[PDB]
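Chemist: Sequence isn't available, so here's the structure alone:
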Ligand SMILES: COC(=O)[C@H](Cc1cccc(C(=N)N)c1)NC(=O)CNS(=O)(=O)c1ccc(C)cc1
Ligand SMILES: [Ca+2]
């Protein structure tokens, strides 16, 4: 996260860190047994880390639980990131508590201008690299498709939305992928892609979760 702020320990209790020997992507707890993340974060041997703040220090509220099954969206396209969403089932249910908690799924989508909270342990520099230990947060509005497309010349689909600031300076970044975009109390986005970080006219692109709630619910019910 570039241009954001230190969340404060466990203030985003639905934020998880996906770990394969090191943090590599974020995710969001949906119930005691399931995490949602980005399909492009798929890999084998994932350990889900819940209740994290400093990802390099055991602070006492962590739960580490191995993934038992991963399900990449049926229509995920790795070239365009269309349908960049994946579900991860935990080998055992998380112990839910004030620091380890699920985030509500949307019952309707979010409109342009809606403010959201984006969070993660990704790069905090727009030029070069610095990776934080503690969770970072950023407040950012959803942009209209037309403004975003004309400003960025990105190719996006109806399963994506843009969020951030066209002036640059505030954006998600490398290492934030898979993590949450929460707007008015609902998980509306997953950190997906962009170009660079926090550059002028190159806002962040996010998986539009409200398009997937039926698939999420039926997938969980059946697995
Ligand atoms: C490749 O250069 C980067 O550092 C950024 C990191 C990143 C990751 C996620 C979000 C942001 C952001 N600023 N909101 C930045 N990656 C990318 O920007 C994209 N990775 S990418 O190059 O793999 C890629 C590019 C384009 C498509 C359609 C799919 C995948
Ligand atoms: Ca920790």
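Modeler: Done, it's in. Numbering: from 1, shown residues only. Ligands and ions are numbered 1, 2, ... in the order given.

Chemist: use CA for all of it now, contacts and neighbours both
Modeler: Will do.

Chemist: So stretch 135-145, near ligand 2 or not?
Modeler: No - Stretch 135-145 stays clear of ligand 2 (CA under 5 Å from the ion), getting no nearer than 10.2 Å.

Chemist: Show me what counts as buried in that stretch.
Modeler: Of all the residues in stretch 135-145, those buried under the rule 16 or more other CA atoms under 10 Å are 135-143, 145.

Chemist: swap in stretch 1-13?
Modeler: Buried-residue list, stretch 1-13, by 16+ other CA under 10 Å: 1-4, 6-7, 9-13.

Chemist: measure it end to end?
Modeler: Across stretch 1-13, the terminal residues are separated by 17 Å (CA to CA, to the nearest Å).

Chemist: got a list of contacts for it?
Modeler: Contact with stretch 1-13 is made by 50-54, 98-102, 119-126, 134-139, 169-173, 176, 197-198, as judged by CA atoms under 8 Å, 6 or more residues apart in numbering.

Chemist: Give the buried subset of those residues as a PyMOL selection command.
Modeler: Of the contacts of stretch 1-13, the buried ones go into a single PyMOL selection, burial set by 16+ other CA under 10 Å:
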select buried, resi 50+51+52+53+54+99+100+101+102+119+120+121+122+123+124+125+126+134+135+136+137+138+139+169+170+171+172+173+176+197+198
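
Chemist: returning to what we had before: now tabulate the buried residues of stretch 1-13 in a markdown table and tack on secondary structure and distance to residue 185.
Modeler: Output for the buried residues of stretch 1-13, formatted as a markdown table (DSSP: H, G, I helix; E, B strand; the rest coil; distance: CA to CA, whole Å):
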| residue | secondary structure | distance to residue 185 |
| --- | --- | --- |
| 1 | coil | 20 |
| 2 | strand | 23 |
| 3 | coil | 22 |
| 4 | coil | 19 |
| 6 | strand | 20 |
| 7 | coil | 16 |
| 9 | coil | 19 |
| 10 | coil | 16 |
| 11 | coil | 14 |
| 12 | coil | 12 |
| 13 | coil | 13 |
